[PDB]
Structure formats: structure tokens, C-alpha cells
Ligand SMILES: *[C@@](O)(c1nc2cc(F)ccc2s1)[C@H](C[C@@H]1CCNC1=O)NC(=O)[C@@H]1[C@@H]2[C@H](CN1C(=O)[C@@H](NC(=O)C(F)(F)F)C(C)(C)C)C2(C)C
Ligand SMILES: *[C@@](O)(c1nc2cc(F)ccc2s1)[C@H](C[C@@H]1CCNC1=O)NC(=O)[C@@H]1[C@@H]2[C@H](CN1C(=O)[C@@H](NC(=O)C(F)(F)F)C(C)(C)C)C2(C)C
């Protein structure tokens, strides 16, 4: 049975990671067809990112200043464009490991897998959520920039995230693959606030259902509540307000457990209110909000791909 | 910065997963060179696993009763041997995706990655520990059997685990790739007790160091203790006794933080004794024991492979 933070298999993305060198700076890039994608600030020096002018910096750069290694093999760069906060290097060799792929800007609350790389080589893979405030709680060192986040949809990789920086709270920020930041973040070394973060109410519900499904039910109660009354107590705690869609999205889990969304919301209310009293749910002593409904369904059904 | 349960990239293992059908039973197998490995109880029916005689069952089986699909491609079986609780099917096609690989029986406390499959297709990947009692807390449904656990050591895959069953506590049991169970488990549908499980003391220390490294230090104290006095309080709580090796294995983390192992043990003592008082460490409200020292080092240094 059991229940874990589970990442998509990383194979299709592994064959897309390359190393990108420009001057002294090296970071990771993503090699799809005859394009490599990486963060534009690859054209900056370790110390001169306080407030770059990226046009001006880039203008002093030519294709030949860009060193794209794939394992131990140089690609020749034959074009370069800047798209928002991303650099797009055209290369002569198309990736023969290019998977079926698309580029998607995910929404807050949605999860995805990260393949953390150093020097175009995979370190490891983990599952993440886009916090409502457009940060992610990941594991990135120096060199991790240009590491990508993704979903798999059968055979099709949806890349949704490229890693750019770590904020002062230790949480992480980055772009879509078109190079637009999630959040109000900018690619420059200044103090930057992630706003107040909130709990992804619907995800926490999905997780409570995952508990029930896996035999953990102590926290079920003999109360219900209204949607409105539940939200009144949610907001106190910085839970995202729950809506009718949330209800309907939880439908399948509702259906599979026979617990109406609002009975679960009543269970949840008293957990926020009275805490966990030192028990655990699915081995956790906190309310976990980084599993989507879909994530729980997949895990409690066995969904595969290739 | 940040710190997460991180699995090895799953690519090299993905290309080894195949589906194995015998009668009505289908499960996963591992295709290395011209051998496929899977659990021997693939030769049982859904209901007749109460107490099989596997010799007798197997004797009524021929190569042609074994259907090895790789995606959409049949391998012909040309040999079959039973090795403890594993079946080894010789095939005509050698896997052309065979990685550098070895087979290792891990020790309790050691971690590894699981690539959970259904019908020879990857569902997802997660990191696991061999509990001191030789169970694992994983996420397995029906069809998951023959899913493998592994480590990567540069380019070399060390397979250490094959999944066989779920115990009544919901935790999971399985074999090495030579087919010997970890633990006192047997491949038959009877009530089976995992013994009392204990906390992997050294791993919890490694994690506390990982906290320190990532700026989380509140729980540090102004005490030390002896090794013996620490163990006296460990055992109360079902911590595995810590030894001098444990000390030395923590050396690198000791070194990197300037906190002697025994000062950390003193911090730890009072956490077991006084609990966490409702704070968290690396976002966790429990003491986490499924990161090895090595795991923490790798994560806090960036180790890659391919
Ligand atoms: C990443 O891998 C990059 N490194 C370099 C090195 C160069 F020489 C040029 C360009 C780049 S991108 C960095 C990933 C972080 C390393 C440690 N953990 C990380 O997530 N990202 C950065 O260095 C990043 C880039 C410049 C400054 N960055 C920061 O992450 C900085 N944070 C902040 O400025 C803030 F405000 F807290 F978000 C800092 C102080 C180095 C941690 C840029 C934002 C362009
Ligand atoms: C796995 O995938 C297998 N399924 C089948 C189906 C057949 F028809 C033949 C052989 C096999 S192996 C099962 C994985 C579990 C499914 C749900 N979660 C799992 O981990 N494993 C089993 O079905 C496994 C095999 C027989 C009975 N198994 C059990 O896991 C059972 N548990 C126990 O008997 C005990 F004691 F709790 F460990 C049970 C009751 C089905 C959960 C065997 C042990 C050979």
C-alpha cells in the first residue's frame, strides 16, 4: 500500500541535459532538437550580477563564446537569442534523444519533478510544488541553475520550470521555459521577498483522503461544515480558500472513500484548530500540502508511462 | 540551499524494466544481458499462494509458458532456473540498454532508490531505507512486484532490492537480486511479523548536521555527553546503539560544521527527552532517519554521475 513523495522517472529528461560554459560561468542547459535552453545570466561573472544590463552584456558576446558540452562532445553554436530571462542557443546537432515534449507554465498548487544537475550531469530527482507565492522548496547548490522541472503525460514531457536562484528564506525561484519568472522575481543579486506563503488547502484534503485510503482514519470526526464556514477558519491559518472546483476535483477521492469533501473539511477544521495532538498521518506530524488530487489518484491506482 | 528526499536518476534502470507474464499472473522483471530476473511466485495463481511448493509448481512449467514483453516486443525464453525466491529466465536477445551493473545485498540503515513499475512500465521513483528490521516503507500497489531498488556509483548501477510483498503493518518486504529475502520473510501468503523497528541513530545525526549546514540550529544545546551515556538514553527510545564507526562516518559532517559528534548527540538526547516542543527541523516535525551520512554529504556537495 504505502504513500510517498514520488517523482516521475527522469530518463527522458536525462538525455536532454548538457553543460553550458560562457567565460568562467558554467551551468546546465536543456537540449531539445537543435536548440539549447539555459538561464541568460550565464553571460555574467560571479560578482557582477548586482544589477546587470543583459542586452549590453549579451551584445559583447558571439556564438563562439558559448561552450556547449554534451557529456564529452562539443556542439557548435550557430545562433543565439534572448527570450525574457532565458538564452536560446541554436546548434548544428539536433538532440537525437529529444523526447516528445511541450512547454507549459504551471499554476500555483501544481506539482512537478525536478532533475537537479551539476555540469550538465544528473545528481538526483525529487518532486516539488509551486507554492501559491511562486517559490519552490527544493535542494539546489551552486551549479544547479538551469536544472529543469517537468511532468510526464504518457510519452510527452511537459517542461514547466527552470531553476535560477535561491531567495533569502532558502526557498527557490525560477522561470518557465519561455523564460518568464514565476512570481515577482528578477534575475539579479538583490534582496527579494517571497510574499507570505499559504497552504494549498485542496492538496491537504487530497492527502487526508490518501490517508483514509491507506487505513489512517483516526482524525476523521463526527461533524461536517459549510464551504463558507470552512473557509472562514481556513483563512485564519493561511489556507488558500477552497472552492466548488476544488470540491469537484476531489470528486474521485470522495467517490473512492465515501467521505464527502465537506466531512473531510470538518475533520480538517478541527486539526488546524486543535493541532495533531502528537499523532501522525502517513508517518507525518505536519499537514502535507504538496500532493495534488491527481498525484494521490495516480499513486493509489498505479499510473505508468513510456 | 534546501534539503529533500532525493532519488538517483532512474534512466539507466528504466531501460531494464520488462513485463513478465505466466498464466494469469503478470509482474515486472529486470532485463540485464540475456537474463531477465523476476520473483519466482510469478508461477502462482492469485489465490493459491497460501503455501506453495515452488519446485512442484515450476516443474509443470516450460520456457514457452513465460511471456516476456519489452514495451511491445516478445523475447523468446530459452532457459529458466530458480534462485532462492527469484526466477531467472534466459532469453535470446541481450539487453542493448544493459548499464554497467552489479548486485549488492545492502545492510540495514543503508538507503537506495526505488523505481516502482506496473506491467514493466515505470510509474515513479522514490528514495528508501532498509529499516533495521529489513522492511521498507514504500508505495506499492498490485502489479508492483519485481520493481527494483538501486544505487548509482558513477556509471555503475548497484541493484540491491526486488519487491515481493506488503506486510500487515503496511510496510514492504523483498529480496536481493540473488533472491534472498531481507529479514525472516518467506514468499507465501501467511501472517508475518516484522519485528520491532528501531531508529537509525547515525542517520538522524547526519540529518541534524544537514539542518545545521542549512542554517537550522535552534535545537543545538550547551551540553555534551559520553558515548555510553548517549546510548543509555538511545536504547530507551529504540535507537540503534551508536558506535565509534558511526562517529568516524560522521567525521566529514563533524568537520564541515565544527560540531563534535558528541555535542550533536547531546542535542539529540534532549530532543528525544523533551520532544520538539512543536518546532520543525528542515520543515519536519519528526526526527528523520532515512538519510545516510553519505546521502547528506552528496546532497550538500552536489555529487553527479552518468
Ligand atoms: C546558479 O546556479 C547560478 N550560478 C551562477 C553563477 C554565475 F557565475 C553566473 C550565473 C549563475 S546562475 C545559482 C543557484 C543558487 C546557488 C546556490 N543555490 C542556488 O539556488 N543562482 C544564483 O547564483 C543566482 C543568480 C544570481 C544570484 N543568485 C542567487 O541565487 C542569489 N540570491 C539572490 O540574489 C536573492 F535575492 F536572495 F534571490 C545568491 C545571493 C547568490 C544566493 C542570479 C539571481 C542571476
Ligand atoms: C505483487 O505484485 C505480486 N502480485 C502477484 C500476483 C500473483 F498472481 C502472483 C504473484 C504475485 S507477486 C504483490 C505486491 C503487493 C500488492 C499490494 N501491495 C503489495 O506490496 N505481492 C503479493 O501479492 C504478495 C505475494 C503473495 C502474497 N503477497 C502479499 O503481499 C500479501 N501479504 C502477505 O501475505 C503478508 F503476510 F502480509 F506479507 C497480501 C495479503 C496479498 C498483501 C506473495 C507473498 C508470494
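Numbering, chain A: per Swiss-Prot, residues 3264-3569 in sequence.
Recorded method for this deposit: X-ray crystallography, 2.1 Å.
Heads up, the Cβ atoms here are built off N, Cα and C, so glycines get one too.
Feature annotation from Swiss-Prot across A:3353, A:3499 places ubiquitin cross-link at A:3353. If you compare Cα positions, residue A:3268 (ubiquitin cross-link) sits closest to A:3408 out of the recorded positions A:3304, A:3353, A:3408.
For ligand 1, the nearby recorded positions are A:3304, A:3408; that is, of A:3268, A:3304, A:3353, A:3408, these have a C-beta under 6 Å from one of its atoms.
Neighbour count (other Cβ atoms within 10 Å of the Cβ, all protein chains): 26 for residue A:3408 (active site, nucleophile). A distance below 8 A between C-beta atoms marks A:3268 as the recorded positions from A:3268, A:3304, A:3353, A:3408 lying next to chain B.
With a cut-off of 8 Å between CB atoms and residues at least 6 apart in sequence, the same chain places A:3297, A:3298, A:3340, A:3341, A:3342, A:3343, A:3344 near residue A:3353 (ubiquitin cross-link), listed in sequence order. Fewest other C-beta atoms within 10 Å: among the recorded positions A:3268, A:3304, that description fits A:3268. Taking the Cα atom of each, residue A:3304 (active site, for 3CL-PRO activity) and residue A:3408 (active site, nucleophile) are about 10 angstrom apart.
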